[PDB]
Structure formats: C-alpha cells, structure tokens
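These notes are about the structure you will find just below.
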Amino acid sequence: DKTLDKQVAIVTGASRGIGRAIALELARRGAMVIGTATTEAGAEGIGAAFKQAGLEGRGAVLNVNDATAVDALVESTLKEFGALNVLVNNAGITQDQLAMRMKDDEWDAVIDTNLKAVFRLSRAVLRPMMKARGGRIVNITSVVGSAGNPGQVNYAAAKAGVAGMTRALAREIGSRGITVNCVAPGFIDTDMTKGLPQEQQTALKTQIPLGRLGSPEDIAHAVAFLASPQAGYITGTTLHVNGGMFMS
Amino acid sequence: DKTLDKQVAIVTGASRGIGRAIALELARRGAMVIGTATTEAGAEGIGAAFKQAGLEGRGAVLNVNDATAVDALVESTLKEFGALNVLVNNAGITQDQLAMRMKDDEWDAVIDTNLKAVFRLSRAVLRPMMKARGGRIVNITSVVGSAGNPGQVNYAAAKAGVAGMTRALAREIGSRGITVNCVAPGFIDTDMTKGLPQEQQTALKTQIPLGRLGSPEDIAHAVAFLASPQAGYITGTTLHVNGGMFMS
Amino acid sequence: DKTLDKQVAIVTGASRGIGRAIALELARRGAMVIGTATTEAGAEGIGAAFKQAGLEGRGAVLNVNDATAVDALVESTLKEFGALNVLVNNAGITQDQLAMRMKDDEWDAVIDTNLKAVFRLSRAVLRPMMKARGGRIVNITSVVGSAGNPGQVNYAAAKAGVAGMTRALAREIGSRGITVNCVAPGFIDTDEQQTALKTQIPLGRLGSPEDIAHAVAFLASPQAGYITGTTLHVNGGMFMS
Amino acid sequence: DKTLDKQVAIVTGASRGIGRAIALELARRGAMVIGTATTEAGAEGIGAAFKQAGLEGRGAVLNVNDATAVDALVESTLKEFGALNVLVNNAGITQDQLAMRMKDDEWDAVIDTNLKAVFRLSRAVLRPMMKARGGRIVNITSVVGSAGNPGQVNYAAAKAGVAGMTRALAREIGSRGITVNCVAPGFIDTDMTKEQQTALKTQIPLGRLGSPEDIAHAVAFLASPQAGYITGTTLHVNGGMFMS
C-alpha cells in the first residue's frame, strides 16, 4: 500500500471531486498531503475529509495566480516538513464561451489558472526537487486538451499547452530523476456533471465506449500510480483516463 | 496556377524567412496578400518584396498584441477588399531560457505573442469568415509544440496551445465551412540557423531523417496547399513539415 | 499545373472512387500513371477514364497479393518508361465483422490486402527509387487506423500498421531523399444512415474523392519534399491530432 | 498487496525479461498466472521462477501462431479455474532487415507473431470475458510502434497495428466492461540489450534504460480493478524517449 511513505505532496484544487480523491489517495499511500482550496471553507473541508478518512493531511488556502502565496507555500512546506516530493496541479477553472463572443478576460482567466499557474508552481517546486534529484509533478489536464470541444477554445488551448509544457520540462530536467506527466480525465462524475440535466449527461455517455462517467477515484488511482517510485521510468506522457472517449 | 484568385489573405509576421515565403507564395497563386511586420521598415520591405517578384501585395505595420490595431486591420481590409478569406498566423518570437531561470516576462511574452495573439486575430477574422460561410486559418507553429525542446518550455507550451486551440475552434466553426489547421515547421534554414557554427547546425541535421534543414519555401507550399479551395475537407489538423524529425 | 511533369506513377486500386480521382489528378499534373485493378474490366475502365479526361495514362491488372506480379509490374514499368517516381498504395478492401464473430480469412484478407501488399509494393518500388535517390510513396489509409471503429478491428489494425511502417520506412530511407507518407480519408462519398455519419463530422458533409486526390497530389509533388513519415488527415474534423 | 486476488491471468512470452517480470508481478498481487513459452524448456523455467518466488503460477507451452492450441489454452484455463480475467500479450519476435532487402518470411514472421497472434489470443479470451462482463487485455507493444525505427519496418507495422486493433476493440467491447490497452516499452535492459549502450541512452531524457519491472508495474496497474476507466490507450514507459 505505502509506496509514498514519508513523501510530502502538494495537491492544488483539492477541495472537491477529483482533487479531493487525489489528496485522499496520496495520503492513503503514506504521503503527507497539503491540499489547497481558494477559500477557508475549502481548506477546512480538505482537513475534515482527511480526518473523516482517518488519515493525516492538511488543507490550505491558495490562489494559484498569486506568486507570493505559491512561493510562500513552497517555503512553509519545506520548513515544516523538510521536503517537497510530489506536486499535483489540479487547480483549474473553465470560462466557456464561443470563440466569436469570448472576452479577453475569459481567455486570460483560463490561461492564467490552467497554464501559467501550472508553470509557476512547477518552476517553484522544481528548485528543491532538482537539488534533491527526486520528484513528481502530475498535471491534471483534460481530454479537451487532446480532442477540443466547442465553447472551450480557451480551456483546449490551456490544457494542450500544459501537455506541451510537460514534454519540454521532462526534456529539460533530464537525468535529474524527476518525472513530469499529465493525467487527462474525460467526463468524470462530479458536482459539475451531477447538476447538469439527464439529457446532457446521456449525451456525454454516448461519447464513451465504457458507457459510464468515470469517478474521481479513477483519476486518483492514475495519479497515485504515476506518483509512485514504481512509475519512475514514465515521463513526458499523458495518461488518458476517459473510458475510451479519446484514444492515442 | 491561380487557385487563390480573388482571395484576400493576411499573413502576420511576413517580414523574413518563412512568413515572407508564405506571403510571396500566396501572392503567386492569385491572392491579394497583406503581410504584416512589427515596424515600418518591415512593412515597406514586404511591399518591396512583392513589387520585386512582379506581384500585387501589401506590407503593413502591426503589433499582434494590440487589439485595437488587430481590429483595425480587419476593418480596413474589409473596407478595401470586401472579403477576408485566409489568415496565416506567423507572428511569433522565442524567449529561450531554462524553465528554472525563465523570468515571468519571458514566459508572458512568448504566451501573449504566440498564443493569445493567435486567439485574438483568429477571433477577429471569424466575423467576416462566419458571415461569408468560408475561410482559412492556418497557424504556423513548430515541431517544438509536439516534441518539446530544452530551453523552450514557454515556446512548447504556446505552440502546443495553438494546436489545442485549433482543434477546438475547428469543432466550433466547422459547420460554417471555415477550416483551421496548423503547419508545424521542423528545423528551417533561416537567419537564426545560418547564424550557428557548422558543429551546431550538423547537430540539428542528425535529428532529421532527410539529413537537411528545410526551407521557407517548404512551409510556404504547405500553407498554400491548406489555404487552397482544394483542401476544404482538411480541418483541425497539424501538417508536419520537419523532414521526419517528428512523426505522428 | 505541371508539378509532376515526366514523372512515372503507379496507383494501385485505381478503378473507382478515391483511386480513380487520384490517378486522374496525378495525370493532370503531368505524371504518366499506371492504375491497377484486380480485373480486366477494372483495367479497361482505368484506361477509359484517362481518355475521357484527355489524359495520358494506363490501366493494368494486378493482384497485389501475388509477389511475382508485383515485382513484374515494377520491372515492366521500368522497361517501358525507364523510371518509377511515385507509388500510391490505394489497393485495399474491407471485410467488416465484429471481432467476436470474425473468421481468420476475414482478418487475413484485410491484412494481406491493406498491409502486406503495401510492404510488397513499397519494397518493390524501393529498388529503382533507392537507385534514383528520389521518389514518393503515398499510402492511403483511413481515419479508422487512428480512431478505431467497431466492426473494423482488422481494418484498423491494417491501416494503423501501414502508418507505423511508413514512419519506420521514412526514417530508414530518408537519407536517400524518398518521402513516405499517409493520407487518411475520413468518410468519403463514393458508391438517416448518412445523417449519423455527418453528426461525427465538424464540416457537416462527407468528403469527396477529389479531396483525397488533391492531398495525395500535394504530397507527391517536389514541393512536398520535406514532408515525410506523416499522416495527412482528410476527414472533415472527425479526428484531430 | 492483493489487487488481483483470485483473478486468473495468461501472460504470453513469460520466460525471460519483460514477460517474466510481468508474470511474477501479477502473481505477487494475488493472480493465478499461466505464463507461456514456445518450448517446454521455457515452460519449466516459468514454473521454476514462480517456485523461486514462493508463488502460485505455472508455465504452459504455446505456439501463439497455432489456432487450435490458442483456443485450447483458453478452454483448459476455464476448465480448471472457471474464469479468465486477464490476458497479457507479450509473446513477440523481431526479424530486423532493411525493408528493400526484407524477405517475405521475415515480414510474415513478425506480423504473424506480433499482430495476428495478438488478434487470435484476444478474440479467444473475449468469449469468457464478455460472459463475465469484465476483463483486461494488455498488449505489450513498443515505442517502435509510435516513432518507427530503421531495420524494423515489419516490427513497427506489427506494433502500430496492435495499437490500432486495441482502439477498434476497445470501441467494440467497451460496453461489456472489458478494457484493452497497450503498454509500450522504450529501451529496456534485458539479455537482448545487455558505446552501444551509451548511444541508446542519449535518446532517453531520464538517462538510463528501463527495467522489466518498469513494464511489469505498468501492466499490473492497467490490470487492476482500479484502472477500469482506462481503455484504448497506450501507456508509454520509455523514459521520455517518445512523448505523446
């Protein structure tokens, strides 16, 4: 079970759904996990979920667009725990709109949170990891980064860009013993999808050879596998977790 | 010869190597081409290169990050010509540096010029193309988008981003008959590569099964083909022009 | 117009739809084209199509699975024309069936015809192209190779196999200047079942044989001499990469 | 520990390197494993490897090109264990040659073994799998399937064909809960791989060859109930050598 024993992990966007299941699963494998949320109710919910699961772990408030707070989290984690072994980038918003009508700020907010923030966090964690000659960065992207989707040109750009960044990072970090990969969910059962009406939910399932939405745990198990020492020869890749919706 | 007769084309970054070959070639096929450059000399030279090859064609000054200027180019182009059929997005700069040392400004400049500007210009031309129910967007990216390259994490991100965007926009606007595609140059013989010492250039060639650097004209023909009416069933793809350096 | 002036091209499976449009478009651009069919009726229809267009060009009979007949056409083409610059592998049939129900001969027929034939023909034409330090191999595959399709596990394997051979072959013979590429048709109108096909297609329409012919003619030209080991997808947005 | 507890798995080509590591890893996770090799020599060794690890499992002889023997392996397996939850298609050969010199039998051999046999094996295990509405097929391919390689046009075509089959099959059998995936090793240190090594390493960002255990852990992940939403994909295990 404890393949991540004594490792220290940061999961951004860990309050609900996918990020929560990732946080819990990394703690389950022995990792000490800081999950982040955008608000205090979220950070508290992250703590409470660890404790409900009978696991160690913390919630913290983080605006991934605030370089000062990102750098602060890296410093405090290193100070309290002496190490930073795993980064999982799961913070990410949508601001969907037809490209024709899409405003500059609707573009920017998606690019900032989903691409720029991923770069900044990755660069921040890489300094200690490169020095330690160990680490894992796992970026939670999305099938939309590989296949595109009307109304999500901003989201498609940002997530394809994270994959692009990932490959270049892997080539940059070389023999330094850090792997960088993406996990690309398809349509996962969450609050965001549970709230949409039955007709649209079925329209999603039609797209999927397995005939069901995935679970946040599907994503958590894929991330935990990549975070493991036993996945140390995998880097620069995307692990598609989409029920066969997109294949490569 | 004249597959683009009576078409009107904008080629951003048309001043040298690839952008200039693309502009000339589109002109040779009967299109009216407005080539853009960042400065006034750049613009004048684009005129003079058309002038010189015995071709209609216009240089113009454009800062692709300036929305006002971008919209004014579209508006002025519609006013004079009544149509905007082809957009070739070739405006791009590199700000190469290790991710570790990469300044925020180095990341921002590459993302804004190579990704955000591509979205803005694309969005501006969709208005006329949508209403015409026809058009071509060809985005000039780079093998670096698909494969990564040390020193160019920002460039890898942006170019992977353009492809992501291309796929989503193609899905979004395909019912109106506009195709949106990329052409990903490999290592192309330009001023930048002419600059390097033979040992550096030979190190490029070794990654290339055809054993040579490509030309501006290789890209130019690739683009001229996708721009033509005869490529109207090709959408949301990347046409790799890299001598076998990257295959997919 | 004449970007293939004085080139000699063989197009296998050139009798109808996509093969015919390819054969004709190459002839239009100057190439001397031998189109192949499995039967004499096919061969004569290929000759007739060139003549109706006012083009030079020839029909021949070829069983692409007979290795003798394949080396023999390459040789008989060189004898008569003294050159072989372009090969288009468009021969190929389907034998659709669910994998659970699929017979070994339905798997073999598709693999032999779509994959092994492509090896044999490419190997055969490599001799003069390797010797001449130039040439174009354009393999007609299918979106099915990239995306899969239920009832088409044999066809998917064959066509995906052709892409993979292309990439390996492109790396292997690239020094000598020959390009090897694939053109992957999506759903092409040849010869509310049609509404469910269009649903999958951003452009909202089936492609034409001419869409494929123009992509092929492009890759076959000198001006595409830096493009190798790729798949040019011609599928209206049905599959993107 | 036992993510594959009580499951039954066939691993073809299980006598050495990758296949052996996979076979043993599946057994450590609680699977009953039948590992195959062409010769009764490889079969005995497979038995011995399990004994050495103190594990359940056994070796069987199988010409993956023999239609009758393939179907009878599946039959006997269902006969003895009542179930067949996992197939790992690892059996495979190379017959490298420049395409322009390659013989028909060098093409056929690679394609029969690496592509046709993969189809046969998969078609036979789907009968029991589809009746159980559950299963895993994991195909061991290779980076050469994705990036190509001089000398290996037959190998590249076979492996790329397997990836293509996998996508079509995932679409066909997805609704019954079975996943079909590939694992694509890059350069792995085996008795086949072990300045020749130095060259290979410059191609690999991580700076080293992989191990059979790297492949086995990937395979075990995909085989697990926990990877049940992953289908039709290729999991690259290549140190950054090919990135997709």
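Every chain in the structure tokens takes a letter, A first, then B, and so on in the order presented; its residues are numbered from 1, and the ligands are numbered from 1 following the presented order.
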Run DSSP on the backbone and grab whatever in range 158-236 of chain C lands in alpha helix (DSSP H); send it over as a tab-separated table (two decimals) with C-alpha atoms, in the first residue's frame.
chain	number	residue	atom	x	y	z
C	158	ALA	CA	-4.01	-2.94	-41.12
C	159	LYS	CA	-4.29	0.79	-41.62
C	160	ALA	CA	-2.61	1.62	-38.28
C	161	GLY	CA	0.06	-0.90	-39.36
C	162	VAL	CA	0.58	0.98	-42.60
C	163	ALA	CA	1.22	4.30	-40.69
C	164	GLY	CA	3.71	2.59	-38.42
C	165	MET	CA	5.56	1.01	-41.35
C	166	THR	CA	5.52	4.46	-43.04
C	167	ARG	CA	7.24	6.10	-40.08
C	168	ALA	CA	9.83	3.34	-39.79
C	169	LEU	CA	10.37	3.29	-43.55
C	170	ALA	CA	10.68	7.11	-43.68
C	171	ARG	CA	13.48	7.02	-41.10
C	172	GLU	CA	15.16	4.13	-42.85
C	173	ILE	CA	15.29	5.62	-46.41
C	194	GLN	CA	-25.94	9.39	-43.87
C	195	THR	CA	-27.09	11.83	-41.12
C	196	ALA	CA	-25.33	9.84	-38.37
C	197	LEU	CA	-22.11	9.88	-40.39
C	198	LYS	CA	-22.33	13.73	-40.71
C	199	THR	CA	-23.02	14.11	-36.97
C	209	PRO	CA	-12.62	11.52	-53.89
C	210	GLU	CA	-11.06	14.79	-55.13
C	211	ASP	CA	-10.28	15.89	-51.56
C	212	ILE	CA	-8.11	12.80	-51.29
C	213	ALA	CA	-6.61	13.24	-54.82
C	214	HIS	CA	-5.51	16.77	-54.04
C	215	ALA	CA	-3.91	15.81	-50.73
C	216	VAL	CA	-2.05	12.99	-52.48
C	217	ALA	CA	-1.04	15.14	-55.43
C	218	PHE	CA	0.31	17.68	-52.96
C	219	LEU	CA	2.47	15.12	-51.11
C	220	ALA	CA	3.63	13.62	-54.43
Residue 96 in chain D surroundings by only C-alpha atoms, 12 Å radius, close-in-sequence under 3 positions cut, as a tab-separated table (two decimals) with N, CA and C atoms, in the first residue's frame:
chain	number	residue	atom	x	y	z
C	168	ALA	N	8.58	4.11	-39.75
C	168	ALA	CA	9.83	3.34	-39.79
C	168	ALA	C	10.51	3.42	-41.15
C	172	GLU	N	14.22	5.04	-42.25
C	172	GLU	CA	15.16	4.13	-42.85
C	172	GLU	C	15.70	4.59	-44.22
D	93	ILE	N	8.46	-11.52	-31.65
D	93	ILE	CA	9.81	-11.62	-32.16
D	93	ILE	C	10.15	-10.38	-32.99
D	99	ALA	N	14.04	-2.69	-45.29
D	99	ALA	CA	12.78	-3.03	-45.98
D	99	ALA	C	13.04	-3.53	-47.40
D	100	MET	N	13.95	-2.86	-48.11
D	100	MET	CA	14.21	-3.16	-49.53
D	100	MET	C	14.87	-4.54	-49.74
D	101	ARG	N	15.47	-5.09	-48.66
D	101	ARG	CA	16.07	-6.45	-48.66
D	101	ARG	C	15.23	-7.48	-47.92
D	102	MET	N	14.22	-7.01	-47.18
D	102	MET	CA	13.46	-7.89	-46.28
D	102	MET	C	12.75	-8.96	-47.07
D	103	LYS	N	12.81	-10.20	-46.57
D	103	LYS	CA	12.13	-11.32	-47.20
D	103	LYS	C	10.70	-11.41	-46.74
D	105	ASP	N	9.23	-13.99	-45.61
D	105	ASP	CA	9.11	-14.77	-44.40
D	105	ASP	C	9.56	-14.01	-43.15
D	106	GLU	N	10.42	-13.01	-43.35
D	106	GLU	CA	10.83	-12.06	-42.30
D	106	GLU	C	9.70	-11.05	-41.98
D	107	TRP	N	8.93	-10.67	-42.98
D	107	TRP	CA	7.76	-9.85	-42.79
D	107	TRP	C	6.66	-10.69	-42.11
D	109	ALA	N	6.75	-13.44	-40.42
D	109	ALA	CA	7.04	-13.96	-39.10
D	109	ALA	C	6.73	-12.92	-38.03
D	110	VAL	N	7.23	-11.71	-38.22
D	110	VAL	CA	6.95	-10.62	-37.30
D	110	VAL	C	5.45	-10.30	-37.21
D	149	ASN	N	11.53	2.95	-36.63
D	149	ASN	CA	12.95	2.63	-36.42
D	149	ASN	C	13.53	1.99	-37.67
D	150	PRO	N	14.67	2.49	-38.17
D	150	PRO	CA	15.38	1.80	-39.25
D	150	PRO	C	15.63	0.30	-38.96
D	151	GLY	N	15.40	-0.58	-39.94
D	151	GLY	CA	15.59	-2.05	-39.80
D	151	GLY	C	14.34	-2.80	-39.34
D	152	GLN	N	13.36	-2.05	-38.85
D	152	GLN	CA	12.24	-2.61	-38.14
D	152	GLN	C	10.89	-2.18	-38.72
D	153	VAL	N	10.79	-2.11	-40.05
D	153	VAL	CA	9.53	-1.80	-40.74
D	153	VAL	C	8.46	-2.87	-40.52
D	154	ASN	N	8.88	-4.13	-40.44
D	154	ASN	CA	7.97	-5.17	-40.04
D	154	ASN	C	7.54	-5.06	-38.57
D	155	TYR	N	8.47	-4.70	-37.69
D	155	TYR	CA	8.19	-4.61	-36.26
D	155	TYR	C	7.34	-3.39	-35.94
D	156	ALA	N	7.68	-2.27	-36.54
D	156	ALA	CA	6.94	-1.02	-36.41
D	156	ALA	C	5.51	-1.22	-36.92
I need the contact residues of chain B against chain D, so if you could list those with any atom within 12 Å, counting only C-alpha atoms, and return them as a PyMOL selection string, that would help.
chain B and resi 144-150+160+207+209+244-248
What is the distance, in Å and to one decimal place, between CA of residue 234 in chain B and CA of residue 87 in chain C?
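Value for the CA of residue 234 in chain B-CA of residue 87 in chain C distance: 22.5 Å.
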Write out as a PyMOL selection string the residues lying within 9 Å of range 72-78 of chain C, counting only C-alpha atoms and excluding same-chain residues fewer than 3 positions away.
chain C and resi 8+10+34+60+62+67-69+81-84+121+124-125+128
Would you mind exporting the chosen residues as a PDB file, in the first residue's frame, restricted to N, CA, C and O atoms?
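part-v3.pdb, freshly written:
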ATOM      1  N   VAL C   8       6.710   9.178 -63.444  1.00  0.00           N
ATOM      2  CA  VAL C   8       6.016   7.946 -63.676  1.00  0.00           C
ATOM      3  C   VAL C   8       5.474   7.493 -62.322  1.00  0.00           C
ATOM      4  O   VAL C   8       6.218   7.408 -61.356  1.00  0.00           O
ATOM      5  N   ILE C  10       2.740   4.784 -60.201  1.00  0.00           N
ATOM      6  CA  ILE C  10       1.796   3.717 -60.131  1.00  0.00           C
ATOM      7  C   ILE C  10       0.789   3.958 -59.000  1.00  0.00           C
ATOM      8  O   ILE C  10       1.171   4.197 -57.836  1.00  0.00           O
ATOM      9  N   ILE C  34       0.156   4.546 -64.210  1.00  0.00           N
ATOM     10  CA  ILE C  34      -0.395   3.225 -64.423  1.00  0.00           C
ATOM     11  C   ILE C  34      -1.286   2.938 -63.205  1.00  0.00           C
ATOM     12  O   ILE C  34      -0.790   2.844 -62.095  1.00  0.00           O
ATOM     13  N   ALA C  60      -3.744  -1.374 -65.791  1.00  0.00           N
ATOM     14  CA  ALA C  60      -3.202  -2.729 -65.771  1.00  0.00           C
ATOM     15  C   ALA C  60      -3.938  -3.595 -64.753  1.00  0.00           C
ATOM     16  O   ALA C  60      -4.503  -3.074 -63.800  1.00  0.00           O
ATOM     17  N   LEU C  62      -3.625  -6.073 -61.656  1.00  0.00           N
ATOM     18  CA  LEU C  62      -2.671  -6.518 -60.643  1.00  0.00           C
ATOM     19  C   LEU C  62      -3.358  -7.152 -59.465  1.00  0.00           C
ATOM     20  O   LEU C  62      -4.213  -6.515 -58.840  1.00  0.00           O
ATOM     21  N   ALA C  67       3.284 -11.710 -55.275  1.00  0.00           N
ATOM     22  CA  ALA C  67       4.600 -11.086 -55.242  1.00  0.00           C
ATOM     23  C   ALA C  67       5.276 -11.122 -56.595  1.00  0.00           C
ATOM     24  O   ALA C  67       5.994 -10.214 -56.919  1.00  0.00           O
ATOM     25  N   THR C  68       5.049 -12.169 -57.388  1.00  0.00           N
ATOM     26  CA  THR C  68       5.622 -12.234 -58.743  1.00  0.00           C
ATOM     27  C   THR C  68       5.072 -11.118 -59.600  1.00  0.00           C
ATOM     28  O   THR C  68       5.839 -10.390 -60.238  1.00  0.00           O
ATOM     29  N   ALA C  69       3.742 -10.990 -59.615  1.00  0.00           N
ATOM     30  CA  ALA C  69       3.065  -9.985 -60.425  1.00  0.00           C
ATOM     31  C   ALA C  69       3.469  -8.571 -59.997  1.00  0.00           C
ATOM     32  O   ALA C  69       3.548  -7.683 -60.840  1.00  0.00           O
ATOM     33  N   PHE C  81       9.213   2.659 -69.474  1.00  0.00           N
ATOM     34  CA  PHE C  81       9.273   4.100 -69.149  1.00  0.00           C
ATOM     35  C   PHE C  81      10.599   4.535 -68.581  1.00  0.00           C
ATOM     36  O   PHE C  81      10.894   5.719 -68.552  1.00  0.00           O
ATOM     37  N   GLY C  82      11.373   3.579 -68.085  1.00  0.00           N
ATOM     38  CA  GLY C  82      12.713   3.821 -67.560  1.00  0.00           C
ATOM     39  C   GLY C  82      12.752   4.723 -66.348  1.00  0.00           C
ATOM     40  O   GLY C  82      13.695   5.513 -66.182  1.00  0.00           O
ATOM     41  N   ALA C  83      11.741   4.580 -65.483  1.00  0.00           N
ATOM     42  CA  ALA C  83      11.607   5.408 -64.290  1.00  0.00           C
ATOM     43  C   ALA C  83      10.363   4.981 -63.479  1.00  0.00           C
ATOM     44  O   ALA C  83       9.396   4.409 -64.012  1.00  0.00           O
ATOM     45  N   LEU C  84      10.432   5.205 -62.176  1.00  0.00           N
ATOM     46  CA  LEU C  84       9.298   4.975 -61.289  1.00  0.00           C
ATOM     47  C   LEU C  84       9.494   5.907 -60.117  1.00  0.00           C
ATOM     48  O   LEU C  84      10.263   5.648 -59.214  1.00  0.00           O
ATOM     49  N   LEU C 121       4.679  -3.912 -52.308  1.00  0.00           N
ATOM     50  CA  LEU C 121       4.780  -2.883 -53.331  1.00  0.00           C
ATOM     51  C   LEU C 121       5.799  -1.831 -52.994  1.00  0.00           C
ATOM     52  O   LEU C 121       6.463  -1.297 -53.871  1.00  0.00           O
ATOM     53  N   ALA C 124       9.178  -3.359 -53.473  1.00  0.00           N
ATOM     54  CA  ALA C 124       9.442  -3.499 -54.904  1.00  0.00           C
ATOM     55  C   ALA C 124       9.862  -2.181 -55.529  1.00  0.00           C
ATOM     56  O   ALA C 124      10.795  -2.149 -56.357  1.00  0.00           O
ATOM     57  N   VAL C 125       9.207  -1.076 -55.153  1.00  0.00           N
ATOM     58  CA  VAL C 125       9.484   0.195 -55.823  1.00  0.00           C
ATOM     59  C   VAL C 125      10.701   0.869 -55.225  1.00  0.00           C
ATOM     60  O   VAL C 125      11.274   1.781 -55.822  1.00  0.00           O
ATOM     61  N   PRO C 128      14.189   0.843 -57.655  1.00  0.00           N
ATOM     62  CA  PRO C 128      14.510   1.991 -58.500  1.00  0.00           C
ATOM     63  C   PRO C 128      14.571   3.357 -57.793  1.00  0.00           C
ATOM     64  O   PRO C 128      15.332   4.238 -58.216  1.00  0.00           O
TER      65      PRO C 128
END
Report as a ChimeraX atom specification: the residues of range 130-196 of chain D with a DSSP assignment of strand (DSSP E or B), based on the backbone of this structure.
/D:136-140,179-185,188
